[PDB]
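Asks: Please find one structure pasted underneath; my questions will follow.
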Amino acid sequence: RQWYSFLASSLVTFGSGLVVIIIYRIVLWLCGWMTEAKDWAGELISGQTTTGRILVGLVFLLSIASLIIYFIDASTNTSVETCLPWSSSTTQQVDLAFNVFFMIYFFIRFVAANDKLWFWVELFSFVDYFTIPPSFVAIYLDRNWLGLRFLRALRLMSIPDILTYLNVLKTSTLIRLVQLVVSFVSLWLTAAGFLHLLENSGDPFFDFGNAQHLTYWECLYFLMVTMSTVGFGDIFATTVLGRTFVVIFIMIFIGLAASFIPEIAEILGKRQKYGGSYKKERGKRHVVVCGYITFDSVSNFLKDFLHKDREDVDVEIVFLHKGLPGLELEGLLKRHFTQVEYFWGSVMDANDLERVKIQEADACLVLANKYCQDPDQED
Amino acid sequence: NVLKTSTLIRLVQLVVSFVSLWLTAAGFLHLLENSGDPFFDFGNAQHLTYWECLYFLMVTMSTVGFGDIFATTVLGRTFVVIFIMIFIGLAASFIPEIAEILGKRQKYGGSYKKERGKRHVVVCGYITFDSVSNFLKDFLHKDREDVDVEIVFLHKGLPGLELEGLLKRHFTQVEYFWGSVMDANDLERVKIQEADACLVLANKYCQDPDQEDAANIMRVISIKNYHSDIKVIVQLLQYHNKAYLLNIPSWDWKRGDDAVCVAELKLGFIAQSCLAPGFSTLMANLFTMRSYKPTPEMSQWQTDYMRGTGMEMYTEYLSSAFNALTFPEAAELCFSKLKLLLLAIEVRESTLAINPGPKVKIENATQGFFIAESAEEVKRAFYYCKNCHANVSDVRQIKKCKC
Ligand SMILES: [Ca+2]
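Going down the list, the sequences are from chains A and B. FYI, in the deposited numbering the residues of the first sequence are 14 to 44, 79 to 426. FYI, in the deposited numbering the residues of the second sequence are 214 to 561, 567 to 621.
Quick look at the structure:
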C-alpha cells in the first residue's frame, strides 16, 4: 500500500527546487553571499586546499559505507518493504548519519556549481534527490524500503577524481584503466539494484501480484550472464517492467562492447615483460651486450661466444635492448637461461645502465646492423 | 530538409531501419506462433503476446538467448532460423556504427561566461600536456603576485587524458574549448573582446620552423581582424618572420603587442655569455618562477646555486620615502635595509633607465625593477615608510604604515 510516499518525497524535492530555480531565472528576466563563496566552494570540491582534500576523500569513503549498508539490507530479510520501528536498528541510524553529510556536501556543490538549472539536473544531484528524502520519510514513518538506495553505487565513480585530485595515478593508461574498471563496477552494481527493485516489487499494472523474489546477488549474476551474452536462463526476468529493463539494458551493454573488456585487456597486457634488474654474484663475471639485438645476430654471437672449443670461462651475458624479443629469441634465451639474461631498456638511459650493473660488468659489446638502410646513421 | 548533417541522416536511417524490421519481425513471429502450424491443422500453436515476441527477438538479435520464451511451431522455428542468419549479417553496421556516430560528438563545445570582476586571457596555437604544464607552472606560480586571471584555452582537437587531468586539477581558474582562432565564432565563444590578452604558443620542435611561424602569423592576423585592441603576445621561431607581423595593420608595440622570438633571444643570450661568461644562466633563471627548496643529499655548491635560481625579476612602485634620492643611494638603501636588489627605473614621456648615475633622482610613483625571491618580498619597497616607522632589522617586520 504505502510505498509511493517514499518515491513522491524524492519527486517533490526535485520539482520544488527546479521550480524555484525557474521562477528565480524568470524574475531576473522580467527585471559571503558573493563570488568569494563560489570560489571557496570551488577549491573545496577540488582539493586545492587540504580541507577540501579531506572532505572529498571522506565523502568518497562514507559513500562506500552507505553502499555497504544497502548490501546488508539486500542480503538480510525477504521483502523490499517492511514496517520496522525507526529507532530499533543501528544500521538505519548510522546510514542517516552518512545521509545528512551527503546533504551538506550537496549544498556546498550547489554553491560551486553556482545555483544553476544545469547543476540541478546533473547525475549526482539525482543520486541525492532520490536518497536523501526517502531516508527522511523513514524518520516520520515506522517503515523501511530499499527504495533506490542502490544509486549510491554511482558515487563510487568519484574514484578517478579522488585519485587525480590527490594525483596518485601518474600514467595516462592507469587513469584510463581505473576509469574503465570503476565505470564498469558502477553501472553493473547499479543495474543489479534496479532489476532487483523491479522484479521484487512486481508490476504496478497487475496490482503488484505479478512478482518474483530474486536476491540482489541473483540479479548481479543474471546481469553478468546477459552482459557476456551467455544467457543460461536459470535466472530470468518475468515482470513486464523487468523484461523491459532487460531489453533496454542489452541495447546499452552491446553498445559498451566498444571499449571496456577488450580495451582493459589491451591496457593490462601492454605491461613490460623484461623489466627488473640483474643481480651480480661476487664470483661470476658478466658482459653487457647492446645495439642491434635480433635472433640471427644473437644466435651468431652466442654460438661463438659459448663454443665448446673455447676456454671453460664462466662469463654471464646480459642483453639490454629497447624492444620485446621475438618468439625464437625467447626460445634461444630460454635454452641458455643458465648463463644468459635479457632486459628491456637502452644504454642511452643511466637507470638501465644501473639495472644491468654496468660498473661491475667486465666489458660492454655494441653490435651493429650491417644491413641497415644507411651505414652512417647506424654508426 | 531538417536533418542537415551527413552523420545525422545516417544515424536516423540506421535507427528507423532498426525499429522497423524489429517491430515487423515481432508481428510476423506473433502471427506464426499464435496461428499455429497449417501442417498440423493449426493444433500445434503457442499463445504469445506481441510484446513477448518483441522481447524474444531482442534476446535473439543480441545472441543472449535465455529461452524463457522460445519458438515452437515449425514455421515459427523456421522463421527464427532465417531471422538469425539475417540479423547476424546486420551485425555489420547498426549497433556498433550508431555507437561510433553517437560517440563522435564534441566534448568541449559551448562558450565561456565572463564575470564582471574577473580578467581572463585566451591561449592558443600549440596546446599539449607538456606545453600547457610548462605554461601553467609559471603562470600560476606561488612566488607570483596574487592576481586572479582565468586562463581560457582554445584548440582544434580533443585534449589527451593527462591534459584533461591537468585541466581538472586547475578547473577553478582554467577552461578549455574546442575550436580555432581562425574562426570568428570561436573568438566569440571565448569572449575575446573582453579578454585582457591573447597568447599564441609555438611548436618549437616542428618539422619546419617557417611553417609554424606562418601558421602563428595567420592566427595573429585572425585575432586582430576580429578586434584591433586585443593585446597579442606571439611566439616566433625565426626572426626573419617577425617582420611580417610588423606590418599587420594593427600591431602596435606601444599598446602591448609583442613577439617573443626564440631565435633572437636564444642567440642573444649566448652572445652575452661571450662577453661575460655565464650570463645566459643568470638571466634564464631570473625569468622563470621558482621557489627555493633546500634538501639533504645536495652538495654545498648546489645549495648556493639553488638559492640563486629561486630569485626572479619583479617590478613595483617605490614608496614616498625614496622621493628625491639619487638612484645609487636608493639602490644602496634597497640592498642594505629592504634586502632587495634594484636594477632600473621607469623615468617619466616614458623610458626605462638601467643603473642610472647620480644625475638621476627618484620622482614620485617611480616604478622600479628588482631581483627578489618572490612578489611578497618586493612589496617592502612599496610599504617602507622611512624613519617614520622602519628601523627594526628583521625585514619581515615591514608592513603598511599608518602615515
Ligand atoms: Ca622565487
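Where a beta carbon is used, it is the ideal one built from N, C-alpha and C, also for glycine.
Can you give the beta carbon distance from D343(B) to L367(B), rounded, assuming they're within the 8 Å contact cut?
Replies: Contact flag wrong, Cβ pair sits at about 18 Å.
Asks: Please report how far the alpha carbon of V613(B) lies from the alpha carbon of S592(B), in whole angstroms.
Replies: Rounded to the nearest whole angstrom, the C-alpha separation of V613(B) and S592(B) is 14 Å.
Asks: Identify the contact partners of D86(A) in chain B, using a Cβ-Cβ distance below 8 Å as the criterion.
Replies: Those are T385, listed as they occur along chain B.
Asks: Could you tell me if the beta carbon of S592(B) falls within a distance shorter than 7 Å of some heavy atom in ligand 1?
Replies: yes
Asks: Does the distance from the CB of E128(A) to the CB of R190(A) come in under 8 Å?
Replies: Cβ distance < 8 Å, so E128(A) and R190(A) count as in contact.
Asks: Can you give me the start and stop residues for the alpha helix (DSSP H) that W235(A) sits inside?
Replies: 219-248
Asks: Kindly examine ligand 1 and report whether one of its heavy atoms sits closer than 7 Å to the Cβ of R329(B).
Replies: no
Asks: Buried or exposed: which applies to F149(A), given that a residue is buried once 16 or more other Cβ atoms fall within 10 Å of its Cβ?
Replies: buried
Asks: Given a cut-off of 8 Å on the beta-carbon distance, is the pair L91(A) and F145(A) in contact?
Replies: no
Asks: What would DSSP say about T341(B), mapped onto helix, strand or coil?
Replies: coil
Asks: Between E559(B) and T584(B), which are expected to be in contact by the criterion C-beta below 8 Å, what is the C-beta distance as a whole number of angstroms?
Replies: 6 Å
Asks: Ordered along the chain, which non-local residues of its own chain (more than five positions away) have a Cβ less than 7 Å from that of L553(B)?
Replies: Cβ neighbours of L553(B) beyond the five flanking positions: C547, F588, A590, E595, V596, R598, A599.
Asks: If you draw a straight line from the C-alpha of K417(B) to the C-alpha of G302(A), how long is it?
Replies: 41 Å
Asks: For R329(B), count the other beta carbons within 10 Å of its own beta carbon; 16 or more makes it buried, fewer makes it exposed. Which is it?
Replies: exposed
Asks: Sort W167(A), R196(A), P132(A), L227(A) by Cα distance to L315(A) and report the nearest one.
Replies: For the residues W167(A), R196(A), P132(A), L227(A), the minimum Cα distance to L315(A) belongs to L227(A).
Asks: Tell me the start and end of each unbroken alpha helix (DSSP H) in the segment 311-342 of chain B that is at least 4 residues and wholly inside, in chain order.
Replies: none
Asks: Does the beta carbon of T98(A) come closer than 8 Å to any beta carbon on chain B?
Replies: no
Asks: Flag this pair as touching only if the segment 400-414 of chain A and the segment 362-377 of chain A have three or more C-beta atom pairs under 8 Å; answer yes or no.
Replies: Contact between the segment 400-414 of chain A and the segment 362-377 of chain A is established, with three or more Cβ pairs separated by less than 8 Å.
Asks: Would you kindly report the start and end of the unbroken beta strand (DSSP E) that includes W391(B)?
Replies: 387-391
Asks: Tell whether a beta-carbon distance below 8 Å holds between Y601(B) and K618(B).
Replies: yes
Asks: Anything in the segment 341-362 of chain B with a Cβ closer than 8 Å to a Cβ of chain A? List those residues in chain order, please.
Replies: Taking 8 Å as the Cβ-Cβ cut-off against chain A, none of the residues of the segment 341-362 of chain B qualify.
Asks: At a cut-off of 7 Å, would you count residue 632(B) as near ligand 1, judging by its Cβ distance to the nearest heavy atom?
Replies: With chain B represented from 214 up to 621, any question about residue 632(B) goes unanswered, as that position is not in the structure.
Asks: Does chain A have any CB closer than 8 Å to the CB of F390(B)?
Replies: no
Asks: Between which two residues does the alpha helix (DSSP H) containing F300(B) stretch?
Replies: Taken as a continuous stretch (DSSP letters only), the alpha helix (DSSP H) holding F300(B) covers 287-302.
Asks: Could you have a look at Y263(B) and say whether DSSP puts it in helix, strand or coil?
Replies: helix
Asks: What residues in its chain sit with their C-beta under 7 Å from that of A415(A), if we drop five residues either side in the sequence?
Replies: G338, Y339, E425
Asks: With a cut-off of 8 Å on the beta carbons, I'd call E407(A) and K327(A) a contact; round off their distance for me.
Replies: 5 Å
Asks: Check the Cβ of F283(A) against every Cβ in chain B and list those closer than 7 Å, keeping chain order.
Replies: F279, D281
Asks: Cβ atoms of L170(A) and residue 10(A): under 8 Å apart, would you say?
Replies: For chain A, the structure presents residues 14 to 426; residue 10(A) sits outside this window and is missing.
Asks: Taking 7 Å as the cut-off, is the beta-carbon of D359(B) closer than that to any non-hydrogen atom of ligand 1?
Replies: Flag unset: Cβ of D359(B) not near ligand 1.
Asks: Exposed or buried, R14(A), counting other C-beta atoms within 10 Å across all chains shown (16 or more means buried)?
Replies: The residue in question, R14(A), is exposed, as its Cβ has fewer than 16 Cβ neighbours within 10 Å.
Asks: Output, in chain order, the set of chain B residues within a Cβ distance shorter than 8 Å of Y212(A).
Replies: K381, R382
Asks: Going along the chain, which residues of the segment 300-329 of chain A sit with their C-beta nearer than 8 Å to a C-beta in chain B?
Replies: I301, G302, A304, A305
Asks: Any beta carbon from chain B within less than 8 Å of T273(A)'s own beta carbon?
Replies: yes
Asks: Which value, in whole angstroms, describes the spacing of the CA atoms of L24(A) and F252(A)?
Replies: 21 Å
Asks: Here's the rule I'm using: 16 or more other beta-carbon atoms within 10 Å means buried, otherwise exposed. How should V360(B) be labelled?
Replies: exposed
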